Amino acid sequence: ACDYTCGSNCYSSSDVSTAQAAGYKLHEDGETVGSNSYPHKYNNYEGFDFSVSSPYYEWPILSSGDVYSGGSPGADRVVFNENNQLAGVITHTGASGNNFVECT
């Protein structure tokens, strides 16, 4: 079974930890990757009820199982905070335009 399901993409907690660690390392070093400069601030325009405190940062999680290194980021992201605490997993899949919905 999937710990997180983003549309048709299935992720386990290990997938999430792995992606999160990569994104957090970049954030800590002050470096970015890709044209959209990941990781970057996630403003939470959606108003999600994350149980962990802001600020939040977005970082793509890929269905291929590889860590993001540039190029298309797909529709899924791992949201973490300043303390490397997972806030949640979100996706553009199933949401209109550039909005997000939570992965179930």
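Residue numbers here begin at 1 and follow the sequence given. Superpose the two forms; the largest set of C-alphas matching within 1.5 Å is the rigid core.
>> To spell it out: superpose each other structure in 4 other deposited structures of this protein onto this one by the rigid core, compute Cα RMS over structures and residues for 43 to 51 and for 56 to 64. Which is larger?
In response: Higher average C-alpha offset in 4 other deposited structures of this protein goes to 43 to 51.
> So 50 to 58 or 74 to 82, which one's hotter by mean CA B-factor in the entry?
Replying inline: Mean CA B-factor is higher for 50 to 58.
> Would 65 to 73 or 33 to 41 have the larger average of its C-alpha temperature factors, as given in the entry?
Replying inline: According to the entry, 65 to 73 carries the higher average C-alpha B-factor.
> Going by the entry, which third of its chain does the Cα temperature factor of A1 land in?
Replying inline: Its C-alpha B-factor, which the entry lists for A1, ranks in the middle third among residues of this chain.
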